[PDB]
Chemist: 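I have a structure here, written as structure tokens, and I will follow up with some questions on it.
Side chains included, hydrogens not; waters and symmetry mates left out as well; all remaining heavy atoms used. Order of the sequence lines sets the chain letters (A, B, ...), proteins ahead of strands, with each chain counted from 1. Order of appearance sets the numbers: ligands from 1, and atoms from 1 within every ligand.
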Amino acid sequence: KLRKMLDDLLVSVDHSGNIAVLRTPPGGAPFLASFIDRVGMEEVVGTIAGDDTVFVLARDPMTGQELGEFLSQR
Amino acid sequence: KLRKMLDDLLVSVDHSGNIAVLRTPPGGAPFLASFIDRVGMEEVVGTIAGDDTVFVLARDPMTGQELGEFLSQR
Amino acid sequence: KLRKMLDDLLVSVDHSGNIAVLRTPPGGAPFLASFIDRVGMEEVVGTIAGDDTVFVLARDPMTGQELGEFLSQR
Amino acid sequence: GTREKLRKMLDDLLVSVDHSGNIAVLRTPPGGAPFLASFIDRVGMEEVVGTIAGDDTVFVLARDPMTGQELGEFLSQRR
Amino acid sequence: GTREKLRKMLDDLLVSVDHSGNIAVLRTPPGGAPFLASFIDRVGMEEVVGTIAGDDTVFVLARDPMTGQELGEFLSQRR
Amino acid sequence: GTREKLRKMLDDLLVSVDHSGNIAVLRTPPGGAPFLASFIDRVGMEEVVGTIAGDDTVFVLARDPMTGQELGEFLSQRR
Ligand SMILES: N[C@@H](Cc1ccc(O)cc1)C(=O)O
Ligand SMILES: N[C@@H](Cc1ccc(O)cc1)C(=O)O
Ligand SMILES: N[C@@H](Cc1ccc(O)cc1)C(=O)O
Ligand SMILES: N[C@@H](Cc1ccc(O)cc1)C(=O)O
Ligand SMILES: N[C@@H](Cc1ccc(O)cc1)C(=O)O
Ligand SMILES: N[C@@H](Cc1ccc(O)cc1)C(=O)O
């Protein structure tokens with residue numbers, strides 16, 4: 001469950017333009033991001049995970065702030 | 001040849017705003033992206049590869065959709 | 001010091017839209033990016049590092065060009 | 001606390017443990033290896049010389065004379 | 001099919017093979033190591049305890065009593 | 001020049017060196033392991049079979065019969 005992953009891994013959410021930024025604990029980004037990819041959300045154009053940072057690309061016309069609010073809401 | 005790399009590695013292309021998103025098979029993103037970097041395309045501001053996802057940043061005024069169409073066309 | 005890291009690691013800076021792109025020597029991206037993260041700059045929404053490429057997301061209304069100019073200026 | 005945290009990390013991320021020679025091999029779910037390995041590093045195991053995470057695999061190097069197997073067992077007992 | 005795919009992977013990604021002790025070391029082109037290693041994991045080699053990919057290098061741990069060299073040879077013969 | 005560059009790399013990135021068996025283990029600051037390891041690869045050490053970088057850790061495999069320790073010492077002497 002993404003909801004469960006998000007309580008353990010989502011340290012914070014931020015945004016700018018079409019991107020939602022998710023912060024995780026150290027090394028957490030690929031574990032969280034690949035789980036997002038498996039959910040298969042239509043508004044999620046794609047994700048890239050660094051070490052502690054995920055960039056999630058929102059499908060126009062959704063903004064990165066809206067997208068990040070939906071992930072933070074879970 | 002990028003054309004050849006793209007038939008073996010490009011599972012799909014997507015976009016939003018100034019970003020083209022390329023999906024690859026598992027672990028394929030850095031192999032595909034670094035090969036894009038070596039091509040040296042003026043409209044490609046840069047790329048970042050995750051595991052199975054490449055973000056390619058299009059130079060304004062080109063959009064991520066146009067850029068992704070040119071890569072998908074190869 | 002970020003200033004010192006930037007002379008050793010910043011090969012070039014580029015931009016498009018809300019993103020500043022930093023190029024590093026091979027494998028340098030996570031070393032440079034995590035150091036940016038530790039600085040904690042309010043306009044930096046987040047960073048993701050690939051191998052030789054950092055994407056830095058600028059907080060609206062700052063552009064990726066302005067942000068990249070401030071990093072290049074250090 | 002650190003121990004309760006390690007135990008929960010291991011329970012949620014450690015799919016299996018294996019070994020060969022002085023290496024213990026941890027398997028995780030997809031993307032999980034840096035998350036798990038980062039934390040292991042942070043607990044400060046004297047018997048661990050170091051770790052490297054891939055995507056779903058960690059190699060944990062055992063400090064001589066300990067073996068990869070013994071390392072693995074130590075970790076399994078923390079679950 | 002899996003074998004034809006492994007063979008093509010190896011032909012296109014394996015620049016060289018080397019070894020030391022219980023480790024086989026695969027070299028790839030730039031960025032190629034996770035692509036190759038992911039696939040190796042997926043073929044299910046019983047003689048492989050696990051793999052870790054860097055950027056252009058994979059370490060493949062051989063299951064005791066097999067050696068890194070023997071592993072390498074097995075892989076070379078699949079090309 | 002390559003040597004002055006290696007020396008500066010090592011001085012700035014090598015927090016510590018350790019070993020077990022045929023592996024030398026390099027510790028770096030955060031994110032530093034691919035930067036350091038890339039460069040090591042590029043200097044062409046005959047005694048190095050290969051390297052893999054994580055985030056803050058590199059495993060350097062020593063070419064038989066050299067040991068992880070001896071490798072480490074060689075690198076320490078370049079600082
Ligand atoms: N936040 C960036 C930079 C980073 C890289 C390595 C780290 O250990 C920490 C941060 C990323 O996750 O890609
Ligand atoms: N698509 C993201 C997340 C991801 C990370 C690890 C994976 O194994 C799979 C997907 C990326 O490539 O960075
Ligand atoms: N520039 C991209 C692609 C890349 C990946 C692996 C490399 O070795 C080089 C480049 C990134 O840094 O993610
Ligand atoms: N098991 C290897 C190879 C791998 C790479 C990428 C993957 O998505 C999956 C597996 C590692 O974790 O490095
Ligand atoms: N060979 C090592 C170090 C390396 C890191 C990044 C590179 O781009 C190249 C080499 C690895 O694959 O981890
Ligand atoms: N030391 C391990 C685990 C690790 C992963 C991510 C980190 O940010 C820190 C440590 C490695 O370098 O792979």
Chemist: Please state whether F:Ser38 comes within less than 4.0 angstrom of ligand 5, counting heavy atoms only.
Modeler: yes
Chemist: Can we say A:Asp8 and D:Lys8 salt-bridge, meaning some charged N sits less than 4.0 Å from an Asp/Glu carboxylate O?
Modeler: yes
Chemist: Return the CG to CG distance between A:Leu32 and A:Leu10, rounded to the nearest 0.5 Å.
Modeler: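 Output value for this atom pair is 6.5 Å.
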Chemist: Go through ligand 5 atom by atom and flag the ones less than 4.0 Å from a non-hydrogen atom of F:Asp41.
Modeler: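 The list of qualifying atoms is 1 (N), 2 (C), 3 (C), 10 (C).
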Chemist: Could you check whether F:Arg78 makes a cation-pi contact with F:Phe74, meaning its NZ or CZ is under 6.0 Å from the centre of the six-membered ring and within 45° of the ring axis?
Modeler: yes
Chemist: Which atoms of ligand 5 are found less than 4.0 Å from any heavy atom of E:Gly54?
Modeler: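 Under 4.0 Å from E:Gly54, ligand 5 has these atoms: 11 (C), 12 (O), 13 (O).
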Chemist: Look at the side chain of F:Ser20 and the backbone N and O of D:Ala62, then say whether any donor-acceptor pair between them is shorter than 3.5 Å.
Modeler: yes
Chemist: I'd like to check which ligand 5 atoms, numbered from 1 as shown, lie under 4.0 Å from a non-hydrogen atom of F:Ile52.
Modeler: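 Here the atoms of ligand 5 in question are 11 (C), 13 (O).
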Chemist: Should C:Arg23 and C:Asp52 count as an ion pair when the cut-off is N to O under 4.0 Å?
Modeler: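 Salt bridge flag = yes for C:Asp52 with C:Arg23.
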Chemist: May I ask you to check whether D:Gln77 and D:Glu73 show a side-chain donor-acceptor distance below 3.5 Å?
Modeler: no
Chemist: With atoms numbered from 1 as shown, which atoms in ligand 5 lie under 4.0 angstrom from a non-hydrogen atom of E:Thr57?
Modeler: 1 (N), 12 (O)
Chemist: Does F:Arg27, backbone or side chain, put an N or O under 3.5 Å from an N or O of ligand 6?
Modeler: no
Chemist: Could you identify the single nearest non-hydrogen protein atom to atom 5 (C) of ligand 5 and state the distance to 0.1 Å?
Modeler: F:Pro34 O, 3.7 Å
Chemist: Say whether, by atom type as modelled, one donor and one acceptor occur between the side chain of C:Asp14 and the main chain of C:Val21 under 3.5 angstrom.
Modeler: no
Chemist: Of all the non-hydrogen atoms in the protein, which one sits nearest to atom 2 (C) of ligand 3, and at what distance?
Modeler: B:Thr47 O, 3.1 Å
Chemist: Please report whether ligand 3 has a polar contact with B:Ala49, defined as an N or O pair separated by less than 3.5 Å (distance criterion only).
Modeler: yes
Chemist: Nearest to atom 8 (O) of ligand 5, what protein heavy atom do you find, and at what distance?
Modeler: C:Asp51 OD2, 2.7 Å
Chemist: State the CG-CZ distance between B:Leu9 and B:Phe31, to the nearest 0.5 angstrom.
Modeler: 6.0 Å
Chemist: Check ligand 6 against D:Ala37 and write out every atom of the ligand that is under 4.0 Å from a heavy-atom position of the residue.
Modeler: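 Every atom of ligand 6 under 4.0 Å from some heavy atom of D:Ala37: 3 (C).
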Chemist: Heavy atoms only: which of E:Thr28, C:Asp52, E:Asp56 is nearest to atom 9 (C) of ligand 5?
Modeler: E:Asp56
